[PDB]
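This is structure08.tsv. It holds TSV, N, CA and C atoms.
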chain	number	residue	atom	x	y	z
A	1	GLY	N	85.62	140.39	92.50
A	1	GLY	CA	86.51	140.76	91.41
A	1	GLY	C	87.61	139.75	91.26
A	2	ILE	N	88.83	140.21	91.12
A	2	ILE	CA	89.95	139.31	90.99
A	2	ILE	C	90.96	139.57	92.09
A	3	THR	N	91.69	138.57	92.42
A	3	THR	CA	92.70	138.66	93.42
A	3	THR	C	94.02	138.23	92.78
A	4	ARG	N	95.06	138.11	93.55
A	4	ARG	CA	96.32	137.73	92.99
A	4	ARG	C	96.48	136.23	93.07
A	5	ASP	N	96.24	135.57	91.98
A	5	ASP	CA	96.43	134.14	91.89
A	5	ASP	C	97.53	133.86	90.89
A	6	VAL	N	98.50	133.10	91.29
A	6	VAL	CA	99.64	132.77	90.46
A	6	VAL	C	99.87	131.27	90.50
A	7	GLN	N	100.54	130.75	89.52
A	7	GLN	CA	100.83	129.34	89.49
A	7	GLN	C	102.21	129.11	90.06
A	8	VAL	N	102.35	128.11	90.86
A	8	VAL	CA	103.61	127.86	91.52
A	8	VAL	C	104.34	126.66	90.85
A	9	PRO	N	105.61	126.88	90.40
A	9	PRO	CA	106.42	125.85	89.75
A	9	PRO	C	106.63	124.61	90.61
A	10	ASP	N	106.62	123.48	89.96
A	10	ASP	CA	106.76	122.20	90.61
A	10	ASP	C	108.21	121.95	90.96
A	11	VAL	N	108.41	121.21	92.02
A	11	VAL	CA	109.75	120.87	92.50
A	11	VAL	C	110.01	119.38	92.17
A	12	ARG	N	109.42	118.96	91.07
A	12	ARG	CA	109.56	117.60	90.56
A	12	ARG	C	111.02	117.33	90.16
A	13	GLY	N	111.54	116.19	90.56
A	13	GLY	CA	112.92	115.84	90.25
A	13	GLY	C	113.84	116.02	91.44
A	14	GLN	N	113.27	116.45	92.54
A	14	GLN	CA	114.02	116.72	93.75
A	14	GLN	C	113.35	115.99	94.90
A	15	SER	N	113.83	116.15	96.11
A	15	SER	CA	113.28	115.42	97.22
A	15	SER	C	112.01	116.09	97.72
A	16	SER	N	111.29	115.41	98.57
A	16	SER	CA	110.12	115.95	99.17
A	16	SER	C	110.47	117.16	100.05
A	17	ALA	N	111.64	117.11	100.70
A	17	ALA	CA	112.14	118.21	101.52
A	17	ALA	C	112.37	119.45	100.67
A	18	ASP	N	112.89	119.25	99.45
A	18	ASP	CA	113.11	120.37	98.51
A	18	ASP	C	111.80	121.06	98.21
A	19	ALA	N	110.77	120.27	98.01
A	19	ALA	CA	109.44	120.79	97.74
A	19	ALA	C	108.93	121.56	98.94
A	20	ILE	N	109.07	120.96	100.11
A	20	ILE	CA	108.62	121.56	101.35
A	20	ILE	C	109.30	122.92	101.57
A	21	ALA	N	110.60	122.96	101.37
A	21	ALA	CA	111.37	124.19	101.56
A	21	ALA	C	110.97	125.26	100.54
A	22	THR	N	110.87	124.88	99.28
A	22	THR	CA	110.55	125.83	98.21
A	22	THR	C	109.18	126.48	98.44
A	23	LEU	N	108.18	125.66	98.73
A	23	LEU	CA	106.85	126.18	98.99
A	23	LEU	C	106.83	127.05	100.25
A	24	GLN	N	107.58	126.62	101.27
A	24	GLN	CA	107.68	127.33	102.54
A	24	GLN	C	108.27	128.73	102.31
A	25	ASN	N	109.30	128.79	101.46
A	25	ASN	CA	109.98	130.05	101.12
A	25	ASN	C	109.04	131.01	100.43
A	26	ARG	N	108.13	130.46	99.65
A	26	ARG	CA	107.14	131.27	98.93
A	26	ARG	C	105.94	131.60	99.81
A	27	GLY	N	105.85	130.97	100.96
A	27	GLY	CA	104.78	131.28	101.89
A	27	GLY	C	103.66	130.28	101.83
A	28	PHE	N	103.81	129.30	100.98
A	28	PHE	CA	102.82	128.27	100.81
A	28	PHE	C	102.93	127.28	101.93
A	29	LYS	N	101.84	126.68	102.25
A	29	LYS	CA	101.80	125.70	103.28
A	29	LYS	C	101.77	124.36	102.61
A	30	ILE	N	102.35	123.39	103.21
A	30	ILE	CA	102.42	122.10	102.60
A	30	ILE	C	101.94	121.03	103.52
A	31	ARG	N	101.26	120.09	102.96
A	31	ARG	CA	100.83	118.94	103.68
A	31	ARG	C	101.46	117.75	103.03
A	32	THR	N	102.11	116.94	103.80
A	32	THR	CA	102.75	115.81	103.25
A	32	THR	C	101.88	114.58	103.46
A	33	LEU	N	101.56	113.91	102.40
A	33	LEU	CA	100.73	112.75	102.45
A	33	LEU	C	101.61	111.58	102.09
A	34	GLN	N	101.75	110.64	102.99
A	34	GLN	CA	102.58	109.50	102.75
A	34	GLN	C	101.77	108.24	102.80
A	35	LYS	N	102.07	107.33	101.93
A	35	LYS	CA	101.40	106.06	101.91
A	35	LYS	C	102.38	104.93	101.64
A	36	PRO	N	102.30	103.84	102.39
A	36	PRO	CA	102.96	102.60	102.02
A	36	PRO	C	102.04	101.89	101.03
A	37	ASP	N	102.57	101.37	99.93
A	37	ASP	CA	101.65	100.86	98.90
A	37	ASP	C	102.30	99.77	98.03
A	38	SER	N	101.57	99.32	97.06
A	38	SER	CA	102.00	98.35	96.11
A	38	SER	C	102.58	99.13	94.94
A	39	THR	N	101.89	100.20	94.60
A	39	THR	CA	102.31	101.05	93.55
A	39	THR	C	102.95	102.27	94.19
A	40	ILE	N	104.13	102.06	94.68
A	40	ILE	CA	104.89	103.08	95.36
A	40	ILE	C	105.79	103.95	94.46
A	41	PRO	N	105.55	105.26	94.48
A	41	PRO	CA	106.49	106.25	93.96
A	41	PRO	C	107.66	106.42	94.96
A	42	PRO	N	108.83	106.89	94.50
A	42	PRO	CA	109.97	107.14	95.38
A	42	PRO	C	109.71	108.33	96.34
A	43	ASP	N	110.48	108.41	97.42
A	43	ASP	CA	110.31	109.49	98.44
A	43	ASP	C	110.59	110.90	97.88
A	44	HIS	N	111.06	110.93	96.67
A	44	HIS	CA	111.35	112.17	95.96
A	44	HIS	C	110.12	112.60	95.20
A	45	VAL	N	110.10	113.81	94.73
A	45	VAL	CA	108.97	114.29	94.03
A	45	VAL	C	109.09	113.92	92.57
A	46	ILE	N	108.17	113.13	92.09
A	46	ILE	CA	108.13	112.76	90.70
A	46	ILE	C	106.99	113.49	90.03
A	47	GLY	N	105.99	113.78	90.80
A	47	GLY	CA	104.83	114.44	90.32
A	47	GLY	C	104.29	115.32	91.39
A	48	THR	N	103.40	116.15	91.04
A	48	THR	CA	102.85	117.10	91.94
A	48	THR	C	101.34	117.11	91.85
A	49	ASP	N	100.73	117.99	92.60
A	49	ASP	CA	99.29	118.09	92.61
A	49	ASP	C	98.90	119.27	91.74
A	50	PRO	N	97.83	119.12	90.92
A	50	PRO	CA	97.32	120.17	90.01
A	50	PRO	C	97.22	121.56	90.63
A	51	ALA	N	97.00	121.61	91.93
A	51	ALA	CA	96.88	122.88	92.68
A	51	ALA	C	98.10	123.77	92.48
A	52	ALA	N	99.25	123.16	92.24
A	52	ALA	CA	100.48	123.91	92.04
A	52	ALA	C	100.48	124.63	90.68
A	53	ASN	N	100.10	123.92	89.63
A	53	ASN	CA	100.09	124.51	88.27
A	53	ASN	C	98.85	125.33	88.01
A	54	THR	N	97.92	125.31	88.92
A	54	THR	CA	96.75	126.12	88.81
A	54	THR	C	97.10	127.48	89.41
A	55	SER	N	96.53	128.55	88.90
A	55	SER	CA	96.79	129.83	89.48
A	55	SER	C	96.03	129.93	90.80
A	56	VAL	N	96.77	129.98	91.88
A	56	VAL	CA	96.22	130.03	93.21
A	56	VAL	C	96.86	131.18	93.96
A	57	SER	N	96.29	131.56	95.05
A	57	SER	CA	96.83	132.64	95.81
A	57	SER	C	98.16	132.22	96.45
A	58	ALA	N	99.15	133.09	96.36
A	58	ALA	CA	100.47	132.83	96.91
A	58	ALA	C	100.38	132.66	98.41
A	59	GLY	N	100.63	131.46	98.84
A	59	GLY	CA	100.50	131.15	100.23
A	59	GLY	C	99.35	130.19	100.44
A	60	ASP	N	99.01	129.45	99.40
A	60	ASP	CA	97.94	128.46	99.48
A	60	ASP	C	98.54	127.17	100.05
A	61	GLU	N	97.83	126.09	100.01
A	61	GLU	CA	98.31	124.86	100.59
A	61	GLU	C	98.51	123.82	99.50
A	62	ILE	N	99.70	123.29	99.44
A	62	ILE	CA	100.05	122.30	98.46
A	62	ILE	C	100.27	120.95	99.14
A	63	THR	N	99.58	119.96	98.68
A	63	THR	CA	99.75	118.64	99.19
A	63	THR	C	100.85	117.92	98.40
A	64	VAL	N	101.76	117.34	99.10
A	64	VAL	CA	102.86	116.63	98.52
A	64	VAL	C	102.65	115.15	98.75
A	65	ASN	N	102.54	114.40	97.67
A	65	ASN	CA	102.32	112.97	97.78
A	65	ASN	C	103.65	112.27	97.77
A	66	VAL	N	103.91	111.53	98.80
A	66	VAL	CA	105.13	110.79	98.95
A	66	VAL	C	104.76	109.39	99.42
A	67	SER	N	105.56	108.42	99.12
A	67	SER	CA	105.26	107.10	99.54
A	67	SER	C	106.43	106.51	100.28
A	68	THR	N	106.17	105.95	101.43
A	68	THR	CA	107.21	105.41	102.21
A	68	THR	C	107.02	103.90	102.41
A	69	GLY	N	107.84	103.14	101.73
A	69	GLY	CA	107.83	101.71	101.86
A	69	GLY	C	106.72	101.02	101.08
A	70	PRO	N	107.00	99.87	100.49
A	70	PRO	CA	105.97	99.08	99.88
A	70	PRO	C	105.14	98.40	100.96
A	71	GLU	N	103.89	98.22	100.68
A	71	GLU	CA	102.97	97.64	101.61
A	71	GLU	C	103.24	96.13	101.73
A	72	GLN	N	102.69	95.52	102.74
A	72	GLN	CA	102.83	94.11	102.97
A	72	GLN	C	101.45	93.51	103.09
A	73	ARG	N	101.31	92.26	102.78
A	73	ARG	CA	100.02	91.62	102.88
A	73	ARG	C	100.22	90.21	103.40
A	74	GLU	N	99.23	89.67	104.04
A	74	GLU	CA	99.26	88.33	104.55
A	74	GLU	C	98.90	87.44	103.39
A	75	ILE	N	99.57	86.34	103.25
A	75	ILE	CA	99.31	85.46	102.13
A	75	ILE	C	98.07	84.60	102.40
A	76	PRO	N	97.00	84.77	101.61
A	76	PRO	CA	95.82	83.94	101.75
A	76	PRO	C	96.11	82.52	101.26
A	77	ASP	N	95.59	81.53	101.93
A	77	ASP	CA	95.83	80.17	101.52
A	77	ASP	C	94.84	79.76	100.46
A	78	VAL	N	95.14	80.21	99.28
A	78	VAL	CA	94.37	79.89	98.11
A	78	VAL	C	95.30	79.15	97.14
A	79	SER	N	96.57	79.18	97.48
A	79	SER	CA	97.62	78.58	96.72
A	79	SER	C	97.39	77.08	96.58
A	80	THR	N	97.13	76.44	97.70
A	80	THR	CA	96.91	74.99	97.84
A	80	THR	C	95.73	74.47	96.96
A	81	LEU	N	94.93	75.38	96.46
A	81	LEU	CA	93.77	75.01	95.69
A	81	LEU	C	94.14	74.76	94.24
A	82	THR	N	94.91	75.66	93.65
A	82	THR	CA	95.30	75.55	92.25
A	82	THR	C	96.54	76.43	92.01
A	83	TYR	N	97.44	76.00	91.12
A	83	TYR	CA	98.64	76.77	90.76
A	83	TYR	C	98.27	78.14	90.19
A	84	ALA	N	97.27	78.15	89.32
A	84	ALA	CA	96.75	79.39	88.73
A	84	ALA	C	96.26	80.34	89.82
A	85	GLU	N	95.57	79.77	90.80
A	85	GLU	CA	95.04	80.52	91.93
A	85	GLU	C	96.14	81.17	92.72
A	86	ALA	N	97.19	80.42	92.96
A	86	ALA	CA	98.29	80.91	93.77
A	86	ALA	C	98.90	82.15	93.15
A	87	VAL	N	99.25	82.05	91.88
A	87	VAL	CA	99.88	83.16	91.21
A	87	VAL	C	98.92	84.34	91.01
A	88	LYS	N	97.75	84.07	90.46
A	88	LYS	CA	96.82	85.13	90.14
A	88	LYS	C	96.22	85.81	91.36
A	89	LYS	N	95.79	85.02	92.33
A	89	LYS	CA	95.14	85.57	93.51
A	89	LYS	C	96.11	86.37	94.34
A	90	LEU	N	97.35	85.90	94.44
A	90	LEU	CA	98.36	86.66	95.15
A	90	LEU	C	98.72	87.94	94.40
A	91	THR	N	98.66	87.90	93.07
A	91	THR	CA	98.87	89.11	92.28
A	91	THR	C	97.74	90.12	92.58
A	92	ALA	N	96.52	89.60	92.71
A	92	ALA	CA	95.35	90.40	93.05
A	92	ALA	C	95.45	90.93	94.49
A	93	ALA	N	96.17	90.21	95.32
A	93	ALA	CA	96.41	90.61	96.70
A	93	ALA	C	97.52	91.67	96.76
A	94	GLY	N	98.22	91.83	95.66
A	94	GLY	CA	99.22	92.85	95.57
A	94	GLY	C	100.58	92.32	95.19
A	95	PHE	N	100.87	91.06	95.52
A	95	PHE	CA	102.20	90.47	95.30
A	95	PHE	C	102.56	90.44	93.83
A	96	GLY	N	103.82	90.69	93.53
A	96	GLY	CA	104.24	90.68	92.15
A	96	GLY	C	105.53	89.93	91.93
A	97	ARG	N	105.96	89.17	92.91
A	97	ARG	CA	107.20	88.42	92.79
A	97	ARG	C	106.96	86.97	93.13
A	98	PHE	N	107.10	86.11	92.15
A	98	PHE	CA	106.89	84.70	92.35
A	98	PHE	C	108.07	83.89	91.86
A	99	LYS	N	108.23	82.75	92.47
A	99	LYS	CA	109.24	81.77	92.13
A	99	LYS	C	108.60	80.40	92.32
A	100	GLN	N	108.59	79.59	91.30
A	100	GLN	CA	107.99	78.27	91.40
A	100	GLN	C	109.01	77.21	91.75
A	101	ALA	N	108.64	76.37	92.68
A	101	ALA	CA	109.41	75.25	93.08
A	101	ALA	C	108.47	74.07	93.25
A	102	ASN	N	108.98	72.88	93.22
A	102	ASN	CA	108.18	71.69	93.39
A	102	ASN	C	108.80	70.85	94.44
A	103	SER	N	107.99	70.26	95.26
A	103	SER	CA	108.46	69.44	96.32
A	103	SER	C	107.80	68.06	96.22
A	104	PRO	N	108.57	66.97	96.43
A	104	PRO	CA	108.04	65.62	96.39
A	104	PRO	C	106.97	65.41	97.47
A	105	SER	N	105.79	65.05	97.04
A	105	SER	CA	104.69	64.84	97.95
A	105	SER	C	103.99	63.54	97.59
A	106	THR	N	103.07	63.12	98.44
A	106	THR	CA	102.27	61.94	98.23
A	106	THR	C	101.49	62.08	96.90
A	107	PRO	N	101.31	60.98	96.13
A	107	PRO	CA	100.55	61.00	94.85
A	107	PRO	C	99.16	61.65	94.99
A	108	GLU	N	98.61	61.63	96.18
A	108	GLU	CA	97.32	62.24	96.45
A	108	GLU	C	97.37	63.77	96.32
A	109	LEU	N	98.55	64.34	96.37
A	109	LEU	CA	98.69	65.79	96.27
A	109	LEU	C	99.38	66.19	94.97
A	110	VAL	N	99.64	65.21	94.10
A	110	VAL	CA	100.32	65.50	92.84
A	110	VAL	C	99.51	66.49	91.99
A	111	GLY	N	100.15	67.55	91.57
A	111	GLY	CA	99.49	68.52	90.72
A	111	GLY	C	98.77	69.59	91.50
A	112	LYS	N	98.86	69.51	92.80
A	112	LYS	CA	98.27	70.48	93.68
A	112	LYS	C	99.37	71.25	94.35
A	113	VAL	N	99.08	72.45	94.74
A	113	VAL	CA	100.04	73.24	95.45
A	113	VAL	C	99.93	72.86	96.90
A	114	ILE	N	101.03	72.66	97.58
A	114	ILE	CA	100.94	72.28	98.98
A	114	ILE	C	101.10	73.47	99.90
A	115	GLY	N	101.39	74.61	99.31
A	115	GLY	CA	101.51	75.83	100.04
A	115	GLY	C	102.58	76.71	99.46
A	116	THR	N	103.14	77.54	100.27
A	116	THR	CA	104.23	78.38	99.87
A	116	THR	C	105.45	78.01	100.68
A	117	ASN	N	106.64	78.37	100.22
A	117	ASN	CA	107.84	78.08	101.00
A	117	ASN	C	107.93	79.03	102.21
A	118	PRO	N	107.82	80.39	102.01
A	118	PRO	CA	107.73	81.30	103.14
A	118	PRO	C	106.36	81.12	103.79
A	119	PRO	N	106.24	81.39	105.09
A	119	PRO	CA	104.98	81.19	105.81
A	119	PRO	C	103.87	82.07	105.25
A	120	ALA	N	102.76	81.45	104.91
A	120	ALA	CA	101.63	82.15	104.32
A	120	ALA	C	100.93	83.01	105.35
A	121	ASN	N	101.10	82.66	106.60
A	121	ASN	CA	100.46	83.37	107.70
A	121	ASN	C	101.26	84.58	108.08
A	122	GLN	N	102.35	84.79	107.39
A	122	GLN	CA	103.18	85.91	107.63
A	122	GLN	C	102.83	87.00	106.66
A	123	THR	N	103.03	88.18	107.09
A	123	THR	CA	102.75	89.33	106.29
A	123	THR	C	104.01	89.65	105.47
A	124	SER	N	103.96	89.37	104.19
A	124	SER	CA	105.08	89.57	103.33
A	124	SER	C	104.87	90.79	102.43
A	125	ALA	N	105.96	91.47	102.09
A	125	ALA	CA	105.90	92.66	101.27
A	125	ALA	C	105.50	92.36	99.83
A	126	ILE	N	104.99	93.38	99.16
A	126	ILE	CA	104.56	93.28	97.75
A	126	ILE	C	105.73	92.87	96.84
A	127	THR	N	106.89	93.36	97.18
A	127	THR	CA	108.09	93.14	96.44
A	127	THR	C	108.86	91.91	96.94
A	128	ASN	N	108.28	91.18	97.88
A	128	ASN	CA	108.93	90.01	98.44
A	128	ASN	C	108.66	88.84	97.51
A	129	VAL	N	109.63	87.99	97.31
A	129	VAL	CA	109.49	86.90	96.38
A	129	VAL	C	108.79	85.72	97.04
A	130	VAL	N	107.61	85.42	96.57
A	130	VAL	CA	106.85	84.32	97.09
A	130	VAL	C	107.22	83.07	96.31
A	131	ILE	N	107.72	82.11	97.02
A	131	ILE	CA	108.07	80.85	96.43
A	131	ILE	C	106.88	79.93	96.58
A	132	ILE	N	106.30	79.59	95.48
A	132	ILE	CA	105.15	78.76	95.43
A	132	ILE	C	105.61	77.33	95.17
A	133	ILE	N	105.24	76.43	96.05
A	133	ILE	CA	105.68	75.06	95.95
A	133	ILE	C	104.55	74.13	95.51
A	134	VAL	N	104.78	73.45	94.43
A	134	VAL	CA	103.82	72.52	93.87
A	134	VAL	C	104.19	71.10	94.31
A	135	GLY	N	103.19	70.32	94.63
A	135	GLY	CA	103.43	68.97	95.05
A	135	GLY	C	103.56	68.06	93.86
A	136	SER	N	104.70	67.45	93.72
A	136	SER	CA	104.94	66.54	92.64
A	136	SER	C	105.75	65.35	93.12
A	137	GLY	N	105.28	64.19	92.81
A	137	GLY	CA	105.95	62.98	93.16
A	137	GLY	C	105.65	62.02	92.08
Kindly present the structure from the file in structure tokens form.
Amino acid sequence: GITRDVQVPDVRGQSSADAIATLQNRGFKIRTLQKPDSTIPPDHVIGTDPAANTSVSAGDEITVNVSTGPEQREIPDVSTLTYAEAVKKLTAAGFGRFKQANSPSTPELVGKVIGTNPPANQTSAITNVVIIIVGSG
């Protein structure tokens, strides 16, 4: 037959703790899912899971998606191959902050990227500014 299923209001616009408390008060169980990412939402609740707006039994389980910190990635040495490669491939790797600089190099490297200013072998954040250095002399 039917049981008592109700829809539970979202705690969007408040912190994850606010959501946790509100659901807890109603008897709902909450699971907090956190991810470090490139496409990071704030630690506050901006959105919720459909399960909340769906009519569910009071005391169901609501997953709260929260993100803690932007992810970091190691810089692949593809920069040295082509300027286009450096910017685009690093964007594909997640990076979204670039700064171009040029450094005087031997004519044999003119027009080629000689690397990055920050160490490429280092794991840099998505929001970290990668300074791409082009060899020009």
Per DSSP on the backbone, filter chain A down to the residues in strand (DSSP E) and report them as a compact mmCIF listing (two decimals) with N, CA and C atoms, in the coordinates of the input.
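Here's the written file out_38.txt:
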# COMPACT_ATOMS: atom_id res chain seq x y z
N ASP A 5 96.24 135.57 91.98
CA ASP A 5 96.43 134.14 91.89
C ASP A 5 97.53 133.86 90.89
N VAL A 6 98.50 133.10 91.29
CA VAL A 6 99.64 132.77 90.46
C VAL A 6 99.87 131.27 90.50
N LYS A 29 101.84 126.68 102.25
CA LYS A 29 101.80 125.70 103.28
C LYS A 29 101.77 124.36 102.61
N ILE A 30 102.35 123.39 103.21
CA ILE A 30 102.42 122.10 102.60
C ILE A 30 101.94 121.03 103.52
N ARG A 31 101.26 120.09 102.96
CA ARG A 31 100.83 118.94 103.68
C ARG A 31 101.46 117.75 103.03
N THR A 32 102.11 116.94 103.80
CA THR A 32 102.75 115.81 103.25
C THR A 32 101.88 114.58 103.46
N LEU A 33 101.56 113.91 102.40
CA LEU A 33 100.73 112.75 102.45
C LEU A 33 101.61 111.58 102.09
N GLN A 34 101.75 110.64 102.99
CA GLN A 34 102.58 109.50 102.75
C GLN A 34 101.77 108.24 102.80
N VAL A 56 96.77 129.98 91.88
CA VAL A 56 96.22 130.03 93.21
C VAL A 56 96.86 131.18 93.96
N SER A 57 96.29 131.56 95.05
CA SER A 57 96.83 132.64 95.81
C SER A 57 98.16 132.22 96.45
N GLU A 61 97.83 126.09 100.01
CA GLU A 61 98.31 124.86 100.59
C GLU A 61 98.51 123.82 99.50
N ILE A 62 99.70 123.29 99.44
CA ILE A 62 100.05 122.30 98.46
C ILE A 62 100.27 120.95 99.14
N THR A 63 99.58 119.96 98.68
CA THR A 63 99.75 118.64 99.19
C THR A 63 100.85 117.92 98.40
N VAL A 64 101.76 117.34 99.10
CA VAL A 64 102.86 116.63 98.52
C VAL A 64 102.65 115.15 98.75
N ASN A 65 102.54 114.40 97.67
CA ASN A 65 102.32 112.97 97.78
C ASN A 65 103.65 112.27 97.77
N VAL A 66 103.91 111.53 98.80
CA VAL A 66 105.13 110.79 98.95
C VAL A 66 104.76 109.39 99.42
N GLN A 72 102.69 95.52 102.74
CA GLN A 72 102.83 94.11 102.97
C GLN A 72 101.45 93.51 103.09
N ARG A 73 101.31 92.26 102.78
CA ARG A 73 100.02 91.62 102.88
C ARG A 73 100.22 90.21 103.40
N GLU A 74 99.23 89.67 104.04
CA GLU A 74 99.26 88.33 104.55
C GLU A 74 98.90 87.44 103.39
N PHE A 98 107.10 86.11 92.15
CA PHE A 98 106.89 84.70 92.35
C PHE A 98 108.07 83.89 91.86
N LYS A 99 108.23 82.75 92.47
CA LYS A 99 109.24 81.77 92.13
C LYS A 99 108.60 80.40 92.32
N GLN A 100 108.59 79.59 91.30
CA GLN A 100 107.99 78.27 91.40
C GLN A 100 109.01 77.21 91.75
N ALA A 101 108.64 76.37 92.68
CA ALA A 101 109.41 75.25 93.08
C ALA A 101 108.47 74.07 93.25
N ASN A 102 108.98 72.88 93.22
CA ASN A 102 108.18 71.69 93.39
C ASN A 102 108.80 70.85 94.44
N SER A 103 107.99 70.26 95.26
CA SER A 103 108.46 69.44 96.32
C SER A 103 107.80 68.06 96.22
N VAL A 113 99.08 72.45 94.74
CA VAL A 113 100.04 73.24 95.45
C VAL A 113 99.93 72.86 96.90
N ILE A 114 101.03 72.66 97.58
CA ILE A 114 100.94 72.28 98.98
C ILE A 114 101.10 73.47 99.90
N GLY A 115 101.39 74.61 99.31
CA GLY A 115 101.51 75.83 100.04
C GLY A 115 102.58 76.71 99.46
N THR A 116 103.14 77.54 100.27
CA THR A 116 104.23 78.38 99.87
C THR A 116 105.45 78.01 100.68
N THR A 123 103.03 88.18 107.09
CA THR A 123 102.75 89.33 106.29
C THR A 123 104.01 89.65 105.47
N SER A 124 103.96 89.37 104.19
CA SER A 124 105.08 89.57 103.33
C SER A 124 104.87 90.79 102.43
N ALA A 125 105.96 91.47 102.09
CA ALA A 125 105.90 92.66 101.27
C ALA A 125 105.50 92.36 99.83
N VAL A 130 107.61 85.42 96.57
CA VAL A 130 106.85 84.32 97.09
C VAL A 130 107.22 83.07 96.31
N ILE A 131 107.72 82.11 97.02
CA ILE A 131 108.07 80.85 96.43
C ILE A 131 106.88 79.93 96.58
N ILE A 132 106.30 79.59 95.48
CA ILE A 132 105.15 78.76 95.43
C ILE A 132 105.61 77.33 95.17
N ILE A 133 105.24 76.43 96.05
CA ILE A 133 105.68 75.06 95.95
C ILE A 133 104.55 74.13 95.51
N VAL A 134 104.78 73.45 94.43
CA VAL A 134 103.82 72.52 93.87
C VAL A 134 104.19 71.10 94.31
N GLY A 135 103.19 70.32 94.63
CA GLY A 135 103.43 68.97 95.05
C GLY A 135 103.56 68.06 93.86
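With atom C of residue 48 of chain A on one side and atom CA of residue 25 of chain A on the other, the separation reads 18.1 Å.
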(104.0, 117.2, 98.8) in this file's frame - what residues fall within 6.5 Å of it? Use only N, CA and C atoms and give the answer as a PyMOL selection string.
chain A and resi 16+20+30-33+62-66
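We find atom C of residue 127 of chain A and atom CA of residue 104 of chain A to be spaced 26.3 Å apart.
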Neighbouring residues of residue 80 of chain A were defined as those with any atom within 7 Å, considering only N, CA and C atoms; residues of the same chain fewer than 6 positions away were excluded. Please report them as a VMD selection string.
chain A and resid 86 112 to 116
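Using only C-alpha atoms, the smallest distance between any of A:137, A:4, A:71, A:15 and residue 107 of chain A comes from A:137.
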With DSSP run on the backbone, what are the alpha helix (DSSP H) residues within chain A? I'd like them as a VMD selection string.
chain A and resid 16 to 26 50 to 53 83 to 92
Requested write-out: N, CA and C atoms of the selected residues, as a compact mmCIF listing (two decimals), in the frame of the given file:
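After the write, part.txt holds the following:
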# COMPACT_ATOMS: atom_id res chain seq x y z
N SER A 16 111.29 115.41 98.57
CA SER A 16 110.12 115.95 99.17
C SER A 16 110.47 117.16 100.05
N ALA A 17 111.64 117.11 100.70
CA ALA A 17 112.14 118.21 101.52
C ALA A 17 112.37 119.45 100.67
N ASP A 18 112.89 119.25 99.45
CA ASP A 18 113.11 120.37 98.51
C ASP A 18 111.80 121.06 98.21
N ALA A 19 110.77 120.27 98.01
CA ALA A 19 109.44 120.79 97.74
C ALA A 19 108.93 121.56 98.94
N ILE A 20 109.07 120.96 100.11
CA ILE A 20 108.62 121.56 101.35
C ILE A 20 109.30 122.92 101.57
N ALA A 21 110.60 122.96 101.37
CA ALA A 21 111.37 124.19 101.56
C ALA A 21 110.97 125.26 100.54
N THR A 22 110.87 124.88 99.28
CA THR A 22 110.55 125.83 98.21
C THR A 22 109.18 126.48 98.44
N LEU A 23 108.18 125.66 98.73
CA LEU A 23 106.85 126.18 98.99
C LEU A 23 106.83 127.05 100.25
N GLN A 24 107.58 126.62 101.27
CA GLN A 24 107.68 127.33 102.54
C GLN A 24 108.27 128.73 102.31
N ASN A 25 109.30 128.79 101.46
CA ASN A 25 109.98 130.05 101.12
C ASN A 25 109.04 131.01 100.43
N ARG A 26 108.13 130.46 99.65
CA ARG A 26 107.14 131.27 98.93
C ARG A 26 105.94 131.60 99.81
N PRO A 50 97.83 119.12 90.92
CA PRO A 50 97.32 120.17 90.01
C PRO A 50 97.22 121.56 90.63
N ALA A 51 97.00 121.61 91.93
CA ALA A 51 96.88 122.88 92.68
C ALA A 51 98.10 123.77 92.48
N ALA A 52 99.25 123.16 92.24
CA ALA A 52 100.48 123.91 92.04
C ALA A 52 100.48 124.63 90.68
N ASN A 53 100.10 123.92 89.63
CA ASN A 53 100.09 124.51 88.27
C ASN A 53 98.85 125.33 88.01
N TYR A 83 97.44 76.00 91.12
CA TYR A 83 98.64 76.77 90.76
C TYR A 83 98.27 78.14 90.19
N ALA A 84 97.27 78.15 89.32
CA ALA A 84 96.75 79.39 88.73
C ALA A 84 96.26 80.34 89.82
N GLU A 85 95.57 79.77 90.80
CA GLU A 85 95.04 80.52 91.93
C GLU A 85 96.14 81.17 92.72
N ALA A 86 97.19 80.42 92.96
CA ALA A 86 98.29 80.91 93.77
C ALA A 86 98.90 82.15 93.15
N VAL A 87 99.25 82.05 91.88
CA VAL A 87 99.88 83.16 91.21
C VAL A 87 98.92 84.34 91.01
N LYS A 88 97.75 84.07 90.46
CA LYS A 88 96.82 85.13 90.14
C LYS A 88 96.22 85.81 91.36
N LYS A 89 95.79 85.02 92.33
CA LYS A 89 95.14 85.57 93.51
C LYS A 89 96.11 86.37 94.34
N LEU A 90 97.35 85.90 94.44
CA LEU A 90 98.36 86.66 95.15
C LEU A 90 98.72 87.94 94.40
N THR A 91 98.66 87.90 93.07
CA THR A 91 98.87 89.11 92.28
C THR A 91 97.74 90.12 92.58
N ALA A 92 96.52 89.60 92.71
CA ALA A 92 95.35 90.40 93.05
C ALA A 92 95.45 90.93 94.49
So which one's closest to residue 95 of chain A, A:120, A:75, A:126, A:45? Using only C-alpha atoms, please.
A:126
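Proximity ranking of A:18, A:5, A:10, A:74 relative to residue 52 of chain A places A:10 first, based on all atoms listed in the file.
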Skipping near chain neighbours, those fewer than 6 positions away, what residues fall within 6.5 Å of residue 102 of chain A using only N, CA and C atoms, listed as a short mmCIF file (atom, residue, chain, number, x, y, z; two decimals) with N, CA and C atoms, keeping the file's coordinate frame?
data_model
loop_
_atom_site.label_atom_id
_atom_site.label_comp_id
_atom_site.auth_asym_id
_atom_site.auth_seq_id
_atom_site.Cartn_x
_atom_site.Cartn_y
_atom_site.Cartn_z
N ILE A 132 106.30 79.59 95.48
CA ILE A 132 105.15 78.76 95.43
C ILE A 132 105.61 77.33 95.17
N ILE A 133 105.24 76.43 96.05
CA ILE A 133 105.68 75.06 95.95
C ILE A 133 104.55 74.13 95.51
N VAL A 134 104.78 73.45 94.43
CA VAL A 134 103.82 72.52 93.87
C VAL A 134 104.19 71.10 94.31
N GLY A 135 103.19 70.32 94.63
CA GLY A 135 103.43 68.97 95.05
C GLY A 135 103.56 68.06 93.86
N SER A 136 104.70 67.45 93.72
CA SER A 136 104.94 66.54 92.64
C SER A 136 105.75 65.35 93.12
#
